[PDB]
Amino acid sequence: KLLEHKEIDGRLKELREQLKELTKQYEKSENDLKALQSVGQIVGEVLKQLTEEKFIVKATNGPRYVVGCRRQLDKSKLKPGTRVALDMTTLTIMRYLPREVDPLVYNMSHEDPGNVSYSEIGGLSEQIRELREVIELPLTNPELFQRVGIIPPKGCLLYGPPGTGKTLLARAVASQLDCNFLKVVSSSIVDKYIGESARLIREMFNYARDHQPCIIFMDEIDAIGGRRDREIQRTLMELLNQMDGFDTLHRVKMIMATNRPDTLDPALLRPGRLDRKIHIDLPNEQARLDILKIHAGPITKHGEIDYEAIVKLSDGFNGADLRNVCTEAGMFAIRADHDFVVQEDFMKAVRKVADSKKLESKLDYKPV
Amino acid sequence: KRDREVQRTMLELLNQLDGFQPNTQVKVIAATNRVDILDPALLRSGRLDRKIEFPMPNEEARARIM
Ligand SMILES: Nc1ncnc2c1ncn2[C@@H]1O[C@H](COP(=O)(O)OP(=O)(O)OP(=O)(O)O)[C@@H](O)[C@H]1O
Ligand SMILES: [Mg+2]
Numbered sequence: 015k016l017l018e019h020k021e022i023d024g025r026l027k028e029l030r031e032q033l034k035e036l037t038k039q040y041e042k043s044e045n046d047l048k049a050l051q052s053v054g055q056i057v058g059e060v061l062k063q064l065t066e067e068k069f070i071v072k073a074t075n076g077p078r079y080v081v082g083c084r085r086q087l088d089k090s091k092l093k094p095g096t097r098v099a100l101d102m103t104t105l106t107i108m109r110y111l112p113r114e115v116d117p118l119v120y121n122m123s124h125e126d127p128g129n130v131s132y133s134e135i136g137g138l139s140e141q142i143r144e145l146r147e148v149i150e151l152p153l154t155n156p157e158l159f160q161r162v163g164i165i166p167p168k169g170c171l172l173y174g175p176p177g178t179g180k181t182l183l184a185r186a187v188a189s190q191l192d193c194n195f196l197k198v199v200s201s202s203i204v205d206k207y208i209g210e211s212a213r214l215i216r217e218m219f220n221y222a223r224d225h226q227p228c229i230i231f232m233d234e235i236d237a238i239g240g241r242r250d251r252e253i254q255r256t257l258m259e260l261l262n263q264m265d266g267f268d269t270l271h272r273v274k275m276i277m278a279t280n281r282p283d284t285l286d287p288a289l290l291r292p293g294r295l296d297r298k299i300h301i302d303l304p305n306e307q308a309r310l311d312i313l314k315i316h317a318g319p320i321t322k323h324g325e326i327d328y329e330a331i332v333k334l335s336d337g338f339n340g341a342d343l344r345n346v347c348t349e350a351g352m353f354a355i356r357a358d359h360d361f362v363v364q365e366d367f368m369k370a371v372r373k374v375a376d377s378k379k380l381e382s383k384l385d386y387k388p389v
Numbered sequence: 294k295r303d304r305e306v307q308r309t310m311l312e313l314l315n316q317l318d319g320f321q322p323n324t325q326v327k328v329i330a331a332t333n334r335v336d337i338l339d340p341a342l343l344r345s346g347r348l349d350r351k352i353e354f355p356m357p358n359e360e361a362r363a364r365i366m
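As you go down the protein sequences, you meet chains L and P in turn. Those letters in the first sequence? Residues 15 to 242, 250 to 389, by the UniProt record's numbering. Those letters in the second sequence? Residues 294 to 295, 303 to 366, by the UniProt record's numbering.
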């Protein structure tokens with residue numbers, strides 16, 4: 015008798031479970047239909063309050079209006095520069111939002127910088143120490159700075175030949191410090207809309223101040239930091262003004278990277294904006310050996326590898342050149358169908374990358 | 294090598317190809333006749349790992365072409 019009872023009871027249980035699921039989609043349908051009745055609200059930044067009731071709000075890029083708080087919102091918190099939402103019928107203020115992220119700035123913060131560590135970067139121990147003293151120590155350990163009274167340097171700029179690792183160094187700093195990191199190619203900040211770039215960089219610095227401890231990195235800064250087309254200079258003025266707005270308390274730091282520091286306008290080169298300069302020169306003999314060891318580490322070689330002879334031959338090479346040496350040795354192995362790599366592959370790769378650098382008619386490069 | 305906008309475009313090309321997590325599965329191929337013009341910016345070993353010279357076609361190469 016228990017089989018029929020179990021059949022009907024299990025059917026009942028399954029039916030009630032399906033009924034709970036069905037009531038769930040019913041509630042979802044009612045919730046989204048109730049949502050459909052909702053009406054959006056116009057966003058906008060605020061301005062001077064004339065009285066305890068009437069305020070001036072600059073509705074987005076549109077015109078500014080004289081409006082009022084609804085009835086219940088705060089009055090002391092509404093100061094010039096608070097993002098507020100406005101009704102589209104009487105334009106009154108309700109639901110004053112914290113601030114805008116400017117989704118581009120969202121992208122430049124939550125962008126993967128890699129798992130690079132200080133170990134993976136080699137040959138710049140002096141530069142790594144300087145940068146960590148300028149950007150890491152003031153952030154992680156401020157009490158030394160405030161008690162001692164030292165104004166921490168606002169930012170540091172990195173210059174050198176292409177492929178020396180400035181960007182790699184910035185990536186390592188981003189990856190190893192548990193913080194909020196901002197990186198954006200300078201060329202991308204420039205926009206064809208009127209004055210959009212100045213508002214872009216203003217909102218980037220506002221986000222950095224909002225999301226301390228925040229770190230903003232500049233690569234190819236000479237795109238906009240170049241010597242005095251019109252919007253470039255207009256946004257450079259905004260850059261100078263905004264980063265002159267760094268208050269001593271702020272846990273925000275600046276890194277600019279470039280390949281032609283001479284083109285940079287001396288305006289940034291002045292003290293008070295960009296004090297500490299770091300030169301990442303072509304890797305030295307021991308530096309080249311260290312970089313080569315780092316890059317050839319994970320490869321599956323067989324037998325002894327004479328890194329010293331390679332470093333003897335690899336004159337004028339940069340870190341990217343050594344990475345190419347490793348890659349071309351790997352490709353000689355892959356063409357020869359060796360499951361491994363030998364010293365001869367590294368030899369051939371060094372010679373090949375040397376012929377490639379022959380093409381590299383690198384013009385002499387000069388600091389700031 | 295170093303208008304201003306062409307510079308901006310080529311800087312964007314440089315950093316969408318070498319900096320801050322490139323690669324995944326995008327491979328670029330570059331062709332030009334004036335390699336002396338480009339010099340310092342793009343030709344970096346990190347950016348264009350291979351530099352493939354196309355020589356003046358050889359005797360047997362010319363015969364094969366015809
Ligand atoms: N000292 C080094 N140790 C290890 N790898 C290095 C070193 N220097 C350069 N490299 C490698 O060479 C390449 C250079 O890339 P990167 O963009 O960091 O160069 P860069 O000199 O900072 O150029 P740019 O300022 O134009 O971005 C990277 O793949 C990096 O891993
Ligand atoms: Mg760089």
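Virtual Cβ for every residue (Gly too), placed ideally from N, Cα, C.
Item to check | Cβ-Cβ distance between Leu343 (chain L) and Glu329 (chain L) below 8 Å | outcome: The residue labelled residue 343 (chain L) in the question sits at position 322 within the first sequence. The residue labelled residue 329 (chain L) in the question sits at position 308 within the first sequence. Pairing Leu343 (chain L) with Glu329 (chain L) gives a Cβ-Cβ distance that is not under 8 Å.
Next on the checklist: If we define contact as Cβ-Cβ less than 8 Å, is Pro355 (chain P) a contact residue for chain L?
Outcome noted: Locating residue 355 (chain P) in the second sequence gives position 55, where the first residue counts as 1. It does not; no Cβ of chain L falls within 8 Å.
Checklist entry - Going by DSSP, what residues sit across from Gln63 (chain L) in a beta bridge? => result Residue numbering aside, residue 63 (chain L) sits at position 49 when the first sequence is read from its first letter. Residue pairing by DSSP places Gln63 (chain L) opposite L:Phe69 in a beta bridge.
Checklist entry - Sorted by chain position, which residues of the same chain lie with C-beta nearer than 6 Å to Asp116 (chain L)'s C-beta, five sequence neighbours on each side aside? => result Taking the first sequence and counting its residues from 1, the one referred to as residue 116 (chain L) is at position 102. The answer, listed in chain order, is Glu217.
Next on the checklist: On the DSSP letters alone, give me the boundaries of the alpha helix (DSSP H) that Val119 (chain L) sits inside.
Outcome noted: Locating residue 119 (chain L) in the first sequence gives position 105, counting from the first residue. Unbroken alpha helix (DSSP H) run through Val119 (chain L): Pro117 to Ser123.
Checklist entry - So which residues put a beta carbon under 5 Å from any heavy atom of ligand 2, going in chain order? => result Matched residues: L:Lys180, L:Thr181, L:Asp233 and L:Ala278.
Item to check | Where the region 162 to 177 of chain L meets chain P: residues whose CB sits under 7 Å from a CB there | outcome: Here the close residues are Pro176 and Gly177.
Next on the checklist: On the DSSP letters alone, give me the boundaries of the alpha helix (DSSP H) that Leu111 (chain L) sits inside.
Outcome noted: On the first sequence, position 97 is the one that residue 111 (chain L) refers to. Note, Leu111 (chain L): premise wrong, no alpha helix (DSSP H); not H, not E.
Next on the checklist: One question on the structure: do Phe361 (chain L) and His323 (chain L) come within less than 8 Å of each other, judged by their Cβ atoms?
Outcome noted: Position 340 of the first sequence, counted from the start, is the residue given in the question as residue 361 (chain L). Position 302 of the first sequence, counted from the start, is the residue given in the question as residue 323 (chain L). Their beta carbons are under 8 Å apart, which means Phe361 (chain L) touches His323 (chain L) by this criterion.
Item to check | Three or more C-beta pairs below 8 Å linking the region 331 to 339 of chain P and the region 202 to 213 of chain L | outcome: Fewer than three Cβ pairs drawn from the region 331 to 339 of chain P and the region 202 to 213 of chain L lie within less than 8 Å of each other, which leaves the two stretches out of contact.
Next on the checklist: Using only the alpha-carbon positions, how far apart do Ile107 (chain L) and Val98 (chain L) sit?
Outcome noted: Numbered from its first residue, the first sequence carries residue 107 (chain L) at position 93. Numbered from its first residue, the first sequence carries residue 98 (chain L) at position 84. Distance from the CA atom of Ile107 (chain L) to the CA atom of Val98 (chain L), rounded to whole angstroms, is 7 Å.
Item to check | Assigned exposure category for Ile337 (chain P) - 16 Cβ within 10 Å defines buried | outcome: Against the second sequence, residue 337 (chain P) aligns to sequence position 37. Exposed, since its Cβ has fewer than 16 Cβ neighbours within 10 Å.
Item to check | Between the CA atoms of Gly95 (chain L) and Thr103 (chain L) - distance to the nearest angstrom | outcome: Counted from its first residue, the first sequence places residue 103 (chain L) at position 89. Counted from its first residue, the first sequence places residue 95 (chain L) at position 81. Each residue's Cα considered, the two are about 23 Å apart.
Item to check | Three-state class that DSSP yields for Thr348 (chain L) in the structure shown | outcome: If you number the first sequence from 1, residue 348 (chain L) lands on position 327. In the three-state DSSP reduction, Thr348 (chain L) falls in the helix class (H, G or I).
Checklist entry - Do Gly346 (chain P) and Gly163 (chain L) have their C-beta atoms closer together than 8 Å? => result For the purposes of this step, residue 346 (chain P) is taken as residue 46 along the second sequence, with counting starting at 1. For the purposes of this step, residue 163 (chain L) is taken as residue 149 along the first sequence, with counting starting at 1. No, these two residues do not count as a Cβ contact at 8 Å.
Item to check | Identity of the residue in L:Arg356, L:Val371, L:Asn345 and L:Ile299 nearest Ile331 (chain L) by Cα | outcome: As a working note, residue 331 (chain L) is residue 310 in the first sequence. That would be L:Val371, whose Cα lies nearest to the Cα of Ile331 (chain L).
Next on the checklist: Below 7 Å on C-beta distance, what does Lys351 (chain P) contact in chain L?
Outcome noted: For the purposes of this step, residue 351 (chain P) is taken as the residue at position 51 of the second sequence. Simply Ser377 and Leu380.
Checklist entry - Is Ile229 (chain L) closer than 8 Å to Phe195 (chain L) when the C-beta atoms are compared? => result Start at 1 with the first residue of the first sequence, and residue 195 (chain L) comes out as number 181. Start at 1 with the first residue of the first sequence, and residue 229 (chain L) comes out as number 215. It is a contact, given that the beta carbons lie within the stated cut-off.
Item to check | CB of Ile301 (chain L) within 8 Å of CB of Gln141 (chain L), strictly | outcome: If you number the first sequence from 1, residue 301 (chain L) lands on position 280. If you number the first sequence from 1, residue 141 (chain L) lands on position 127. Going by C-beta atoms, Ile301 (chain L) is nearer than 8 Å to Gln141 (chain L).
Checklist entry - Which first and last residues belong to the beta strand (DSSP E) in which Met258 (chain L) is found? => result Taking the first sequence and counting its residues from 1, the one referred to as residue 258 (chain L) is at position 237. Segment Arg251 to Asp265 is the alpha helix (DSSP H) holding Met258 (chain L); no beta strand (DSSP E) there.
Checklist entry - Within the present structure, is the beta-carbon of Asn339 (chain L) separated from the nearest heavy atom of ligand 1 by less than 7 Å? => result By one-based count along the first sequence, residue 339 (chain L) stands at place 318. Yes, the beta carbon of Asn339 (chain L) sits closer than 7 Å to at least one heavy atom of ligand 1.
Item to check | Span of the alpha helix (DSSP H) around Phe219 (chain L) | outcome: The residue labelled residue 219 (chain L) in the question sits at position 205 within the first sequence. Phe219 (chain L): member of the alpha helix (DSSP H) spanning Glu210 to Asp224, first to last residue.
Checklist entry - If you compare alpha carbons, which of L:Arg356, L:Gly174, L:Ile312 and L:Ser202 is closest to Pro282 (chain L)? => result Along the first sequence, read from residue 1 onward, the residue named residue 282 (chain L) stands at position 261. Out of L:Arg356, L:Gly174, L:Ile312 and L:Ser202, L:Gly174 has the C-alpha closest to the C-alpha of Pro282 (chain L).
Item to check | Cross-chain neighbours of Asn315 (chain P) in chain L, by beta carbon under 7 Å | outcome: Working through the second sequence from its first residue, we reach residue 315 (chain P) at position 15. Simply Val199, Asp233 and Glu234.
Next on the checklist: Relative to the C-alpha of residue 248 (chain L), which candidate in L:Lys369, L:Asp236 and L:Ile276 has its C-alpha closest?
Outcome noted: Residue 248 (chain L) cannot be placed in this structure, since chain L goes from 242 to 250 without the numbers between.
Item to check | Residue range of the unbroken beta strand (DSSP E) whose run includes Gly239 (chain L) | outcome: Locating residue 239 (chain L) in the first sequence gives position 225, counting from the first residue. Premise fails: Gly239 (chain L) lies in the alpha helix (DSSP H), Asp236 to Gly239, not in any beta strand (DSSP E).
Item to check | Nearest-angstrom Cα separation, counted from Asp250 (chain L) out to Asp286 (chain L) | outcome: Counting from one through the first sequence, the residue named residue 286 (chain L) turns up at place 265. Counting from one through the first sequence, the residue named residue 250 (chain L) turns up at place 229. Rounded to whole angstroms, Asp286 (chain L) to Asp250 (chain L) spans 14 Å at the Cα level.
Next on the checklist: For the region 376 to 389 of chain L against the region 342 to 359 of chain P, do three or more pairs of beta-carbon atoms, one drawn from each stretch, fall closer than 8 Å, so that the two count as touching?
Outcome noted: yes
Checklist entry - Expressed to the nearest angstrom, what Euclidean distance is found between the alpha-carbon atoms of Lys168 (chain L) and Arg294 (chain L)? => result Taking the first sequence and counting its residues from 1, one reaches residue 168 (chain L) at position 154. Taking the first sequence and counting its residues from 1, one reaches residue 294 (chain L) at position 273. Roughly 7 Å separates the two Cα atoms.
Item to check | Top-ranked residue by Cα proximity to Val204 (chain L), from P:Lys294, P:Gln307 and P:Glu359 | outcome: For the purposes of this step, residue 204 (chain L) is identified with residue 190 of the first sequence, where counting begins at 1. When only C-alpha atoms are compared, the closest one is P:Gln307.
Item to check | Secondary structure of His316 (chain L), DSSP reduced to three states | outcome: Looking up residue 316 (chain L) in the first sequence gives position 295. In the structure shown, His316 (chain L) sits in a helix (DSSP, three-state: H, G or I).
Checklist entry - Is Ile329 (chain P) near ligand 1, with its Cβ less than 7 Å from a heavy atom? => result As a working note, residue 329 (chain P) is residue 29 in the second sequence. Not so, every heavy atom of ligand 1 lies at least 7 Å from the Cβ.
Checklist entry - Does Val374 (chain L) have its Cβ less than 8 Å from a Cβ in chain P? => result Numbered from its first residue, the first sequence carries residue 374 (chain L) at position 353. With 8 Å as the cut-off, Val374 (chain L) counts as an interface residue toward chain P.
Next on the checklist: Only counting the same chain, and skipping five residues up and downstream in sequence, which positions put a Cβ closer than 8 Å to that of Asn129 (chain L)?
Outcome noted: Along the first sequence, read from residue 1 onward, the residue named residue 129 (chain L) stands at position 115. The answer, listed in chain order, is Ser189.
Item to check | According to DSSP, residues forming a beta bridge with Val273 (chain L) | outcome: Residue mapping note: residue 273 (chain L) aligns to position 252 of the first sequence, counting from 1. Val273 (chain L) pairs with L:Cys228.
Checklist entry - Name the DSSP bridge partner or partners of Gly58 (chain L)? => result Locating residue 58 (chain L) in the first sequence gives position 44, counting from the first residue. Looking at the DSSP assignment, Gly58 (chain L) forms a beta bridge with L:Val98.
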